[PDB]
Number of protein chains: 2
Amino acid sequence: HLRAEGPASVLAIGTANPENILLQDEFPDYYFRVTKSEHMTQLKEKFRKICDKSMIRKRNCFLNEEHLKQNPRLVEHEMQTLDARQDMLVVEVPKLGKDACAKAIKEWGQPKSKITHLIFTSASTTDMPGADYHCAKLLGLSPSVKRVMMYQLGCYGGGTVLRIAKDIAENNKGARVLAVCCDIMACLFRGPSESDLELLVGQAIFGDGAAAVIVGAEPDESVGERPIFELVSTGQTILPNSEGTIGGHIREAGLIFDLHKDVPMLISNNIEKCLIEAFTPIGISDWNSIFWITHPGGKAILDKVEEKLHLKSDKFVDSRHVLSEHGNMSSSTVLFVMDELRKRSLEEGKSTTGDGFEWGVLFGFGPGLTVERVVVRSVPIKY
Amino acid sequence: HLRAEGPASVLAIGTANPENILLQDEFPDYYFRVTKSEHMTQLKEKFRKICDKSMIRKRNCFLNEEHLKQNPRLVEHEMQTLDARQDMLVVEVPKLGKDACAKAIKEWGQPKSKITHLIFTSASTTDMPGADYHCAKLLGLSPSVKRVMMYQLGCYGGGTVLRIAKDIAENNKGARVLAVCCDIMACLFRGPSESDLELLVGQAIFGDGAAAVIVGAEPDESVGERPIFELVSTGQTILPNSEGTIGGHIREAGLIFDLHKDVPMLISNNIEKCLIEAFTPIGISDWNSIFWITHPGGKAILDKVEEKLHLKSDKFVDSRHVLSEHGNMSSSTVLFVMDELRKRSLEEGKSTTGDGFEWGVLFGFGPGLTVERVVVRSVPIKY
Ligand SMILES: CC(C)(COP(=O)(O)OP(=O)(O)OC[C@H]1O[C@@H](n2cnc3c(N)ncnc32)[C@H](O)[C@@H]1OP(=O)(O)O)[C@@H](O)C(=O)NCCC(=O)NCCS
Ligand SMILES: CC(C)(COP(=O)(O)OP(=O)(O)OC[C@H]1O[C@@H](n2cnc3c(N)ncnc32)[C@H](O)[C@@H]1OP(=O)(O)O)[C@@H](O)C(=O)NCCC(=O)NCCS
């Protein structure tokens, strides 16, 4: 049985979003108008302060006002609407995922018949056959591509798809793994109630997007393959004292979510143990001596991690950039951060794809409370 | 990192079912009585013929008549009932899965802290955090167990979990993978309509169960590990001219399924291609010279494959026995077949765990139409 030699690497990254944009300056007034909730004057001003403090300036969003006029049940606080949401999302999720995959394939530059495996994750929908089947068909992949469908992971799933891809690519000589994440927030959009600030936090922060990577071991430079990041080691853990703090449920009313106020403190108070476990085998203890690829679940998670570890403000630039332009897109977000990091490193004349550092860490955070961790190495930029 | 040498093997198998039983000879009268549909006299007689031809003698079934009396919306033909089904199934799916896992761990005989990974599949429910999280908590696994949650695969998923486990176990020295499938048909139970035989076929065939395996490379005989089957090679394919023939959708009314009359012919007309691809590299062309571990999706699938390939009656003994005593339990069913094969081989004095044969094939069939294939080797039974 022929296995590969040496580590799996990310060979290409592609991203996509719906064309329609929500400008955050306009969002409190838009949301309270389309939901027929203008009478809630005090709640609207509380919501404006949440949106202003979020550090999100714009979001892409497939759902538009004409969808809401065609089905006004979607603007109610709680109404049976899953079937309408699914009718949209079982089509749009694989379509936007295929758009990200086509951009990754173009960068990679190899024939699409060389793709041996396809991993697909989304928390926005579920169906049989799944988004993996439709994405493969829209791309014209081999019917014998080996698929890994992972519905309903949530915000840690960008780390999960890299962890799954690493073992496949290393155990199978010649394997080339296409891994894609895609979410569309029409699954969870609904109108306000007078007391429910938890619902409003989600309505302010979640946005739409897809991101795809090609992963393989033994890159062949002679045909034009080029590694961007090496995948070194992985971990997945459940934080102590964290039950129920991040949740998401598929219900008759749509996707219903739970977000506890303690989430930023729980991440920040546990993240040093994750780093010690990952980096002691490599001989590293200085968290300012590595690059970071961090899921921006909210501005408070980034601010509290930076403060707890005394990180320099260089580490989170790409996480803050993606947050500002796209909001929280669930699993795909950390892959947008990876793309921005390597692109900015080249634009700024840095020595490696990881802002001039050799070693780095990737983190995703989501339901459990689960932390996905990947130790990564950059590649030199040769000029 | 340190990778393992040699092939991954199944080291232990455990199974579980709800205690409540449906006798098939009584099911036409039970179903039409509890769904308040006795006025459909001609439909009930057609259903009696379907149940008599199904070659299912009994099924285990968590849903009972007292559940139906407490919530009569569950016996309507089509009614908004997903929330009530999920409220039951988010609890009962990880519970029944844990029961199968505990039996596999007892056979294996090693500390549960040696489990490094947990794979979970179910088509009956979906939630965040998932059934994998709850099953790991109920078992008391390490919080750092690496989880692989796969919701909504369907009837091919017993093959899928083996395919995922193989690459994890081979690429990581010391890895021990717990892989579990679990389905509970309360997700799809509903009352009849005057015309709809497709719905009734599913009401006659689907039953409840869970099955778990432990998979690892480099078994250690000195501490009591013993391989049962070696996992040699894997494939996943989509059959030509099969779009739409097997489907399942999560809707306000529950799990809604599609089953086309052409399914048995499509499988039988394509299965030889699958065998030639799997076995030509090994030098094998005689399909009666290997053992078979086949998902019994319905009696007609088995009948048409046997006829097409001129298989001897020995090949489908265990598939037919599991169908008789349990019905179609979705992804877990093929792992019940694997357990029965190795237990019967010991009881009947055969020389290997695969009915005296060296080489074998495992098949799962489900939405796509997708076929999962695994080439396996038996191990000797020696004294
Ligand atoms: C939402 C956020 C951007 C607001 O920033 P901020 O205004 O500087 O922070 P504050 O803590 O002052 O929150 C503003 C208001 O929102 C409320 N709020 C914030 N998070 C909340 C939650 N999870 N549930 C309920 N209310 C919440 C606060 O109680 C406060 O209201 P009050 O002043 O009436 O008490 C910030 O709290 C954040 O980034 N949170 C993390 C979001 C998260 O968990 N993301 C993961 C998604 S899976
Ligand atoms: C259901 C089954 C056990 C019935 O066996 P049988 O009675 O010997 O087979 P028949 O083909 O004569 O079918 C009996 C009746 O069921 C009907 N029927 C069978 N499969 C059907 C389907 N998929 N949709 C609608 N009606 C169906 C037949 O049309 C026939 O009714 P009719 O005489 O009024 O036309 C058999 O057809 C079977 O095993 N089918 C495969 C099930 C399957 O696809 N499983 C995969 C699950 S994902």
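FYI, side chains are in, hydrogens and waters are out, and symmetry mates aren't considered; it's all heavy atoms of this structure. Below, chain A is the first sequence line, B the second, and so on; all start at residue 1.
- Legend: side-chain hydrogen bond (donor to acceptor under 3.5 Å, both in side chains) pairs involving residues 279-294 of chain A, not counting sequence neighbours: none detected.
- Annotation: the span from A/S242 atom OG to A/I267 atom CD1 amounts to 9.5 Å, rounded to 0.5 Å.
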Taking it one step at a time, do A/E358 and A/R377 satisfy salt bridge (charged side-chain N to carboxylate O under 4.0 Å, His left out)?
CA-CA 6 Å; A/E358 179 176 7; A/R377 210 171 190 158; 2.8 Å; yes
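- Remark: the backbone N or O of A/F357 is paired with a side-chain donor or acceptor of A/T352 at under 3.5 angstrom.
- No donor-acceptor pair closer than 3.5 Å links the side chain of A/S9 to the backbone N or O of A/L11.
- The shortest side-chain heavy-atom distance between B/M149 and A/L153 falls under the 4.5 Å cut-off.
- Salt bridge A/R320/A/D303: present, at least one basic N to carboxylate O contact under 4.0 Å.
- Looking at B/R147, its side chain never comes within 3.5 Å of a backbone N or O of B/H117 through a donor-acceptor pair.
- In this structure, A/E277 pairs ionically with A/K273, as a charged nitrogen and a carboxylate oxygen lie closer than 4.0 Å.
- Taking OG1 from A/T121 and CG from A/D132, the interatomic distance works out to 11.0 Å, rounded to the nearest 0.5 Å.
- Taking both residues in full, the closest heavy atoms of A/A12 and A/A104 are given as CB-O, 3.3 Å, listed atom of the first, atom of the second, then distance.
- Applying the side chain to side chain donor-acceptor pair (under 3.5 Å) test to B/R176 and every residue at least two apart in sequence or in another chain returns B/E225.
- The number of heavy atoms from other shown groups lying within 6.0 Å of CD (A/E272) does not exceed 12.
- Between A/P296 and A/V337, some side-chain heavy-atom pair lies under the 4.5 Å cut-off.
- Closest approach of A/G298 to A/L323, counting heavy atoms only: C-CD2, 4.4 Å.
- Remark: the backbone N or O of A/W108 is paired with a side-chain donor or acceptor of A/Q110 at under 3.5 angstrom.
- In this structure, B/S144 and A/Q236 have side chains that are not in contact, with every pair of non-hydrogen atoms separated by 4.5 Å or more.
- Under the 3.5 Å distance criterion, the side-chain polar atoms of A/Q152 are left unmatched by any main-chain donor or acceptor of A/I250.
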Pair B/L118, B/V148 - check side-chain contact (heavy atoms from CB on, under 4.5 Å), show working.
CA-CA 6 Å; B/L118 172 62; B/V148 187; over 6 Å; no
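- Applying side chain to side chain contact (heavy atoms under 4.5 Å, CB included) to A/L96 and the options A/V180, A/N60, A/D183, A/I184 leaves one that passes, A/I184.
- Not one N or O on the side chain of B/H1 forms a donor-acceptor pair closer than 3.5 Å with the backbone of A/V232.
- A 4.5 Å side-chain heavy-atom check between B/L139 and B/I105 finds at least one atom pair inside the cut-off.
- Between the side chain of A/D208 and the main chain of A/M185, a donor-acceptor pair closer than 3.5 Å is present.
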Could you walk me through whether A/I293 and A/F363 pass the side-chain contact (heavy atoms from CB on, under 4.5 Å) test, one step at a time?
CA-CA 6 Å; A/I293 308 173; A/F363 282 116; over 6 Å; no
Yes or no on side-chain contact (heavy atoms from CB on, under 4.5 Å) for A/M338 and A/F229, after CA distance, side-chain angles and deciding distance?
CA-CA 9 Å; A/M338 181 188 284; A/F229 292 106; 3.5 Å; yes
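- Between the side chain of A/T353 and the backbone N or O of A/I228 there is at least one donor-acceptor pair closer than 3.5 Å.
- One finds a salt bridge joining B/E218 and B/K173 here, because a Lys/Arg side-chain nitrogen approaches an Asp/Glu carboxylate oxygen to under 4.0 Å.
- In this structure, A/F279 and A/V375 have side chains that are in contact, with non-hydrogen atoms separated by less than 4.5 Å.
- Nearest heavy atom pair, residue A/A4 against residue A/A217, reads CB-CB, 3.8 Å.
- Here B/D127 contributes atom CG and B/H134 contributes atom NE2; the two are 6.0 Å apart, rounded to the nearest 0.5 Å.
- Distance alone, capped at 3.5 Å, places no donor-acceptor pair between the A/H249 side chain and the B/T126 backbone.
- At least one side-chain heavy atom of B/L231 sits less than 4.5 Å from a side-chain heavy atom of B/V215.
- With rounding to the nearest 0.5 Å, the separation of CZ in A/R373 from OG1 in A/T237 is 9.5 Å.
- For A/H326 and A/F336, the gap between ring centers is short of 6.0 Å.
- Under a 3.5 Å cut-off, the side chain of A/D99 and the backbone N or O of A/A16 do not form any donor-acceptor pair.
- Centroid-to-centroid, the aromatic rings of A/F206 and A/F257 come within less than 6.0 Å.
- Rounding to the nearest 0.5 angstrom, the gap separating the CZ atom in B/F120 from the NZ atom in B/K98 is 12.5 Å.
- Smallest separation of non-hydrogen atoms from B/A131 and B/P94: O-CB, 3.8 Å.
- Contact annotation: the side chain of B/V177 approaches that of B/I119 to within less than 4.5 Å [non-hydrogen atoms, C-beta and beyond].
- Salt bridge status for A/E348 with A/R344: present, with a side-chain N to carboxylate O gap under 4.0 Å.
- When A/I168, A/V161, A/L162 are each tested for a side chain to side chain contact (heavy atoms under 4.5 Å, CB included) with A/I164, only one passes: A/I168.
- A salt bridge links A/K343 with A/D339: the distance from a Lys NZ or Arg NE/NH1/NH2 to an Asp or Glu carboxylate oxygen falls below 4.0 Å.
- Among residues at least two apart or in separate chains, salt bridge (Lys or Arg N to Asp or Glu O under 4.0 Å) pairs with a member in residues 158-171 of chain A are A/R163-A/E372, A/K166-A/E170.
- Side chain to side chain, A/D355 and A/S345 fail the donor-acceptor criterion of an N or O pair below 3.5 Å.
- Both the sub-6.0 Å distance and the 45° axial angle are not jointly satisfied by A/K350 relative to the ring of A/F291.
- With values rounded to the nearest 0.5 angstrom, A/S122 atom OG is found 7.0 Å from A/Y151 atom OH.
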Given side-chain contact (heavy atoms from CB on, under 4.5 Å), test A/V145 with A/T116 step by step and report yes or no.
CA-CA 5 Å; A/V145 66; A/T116 55; over 6 Å; no
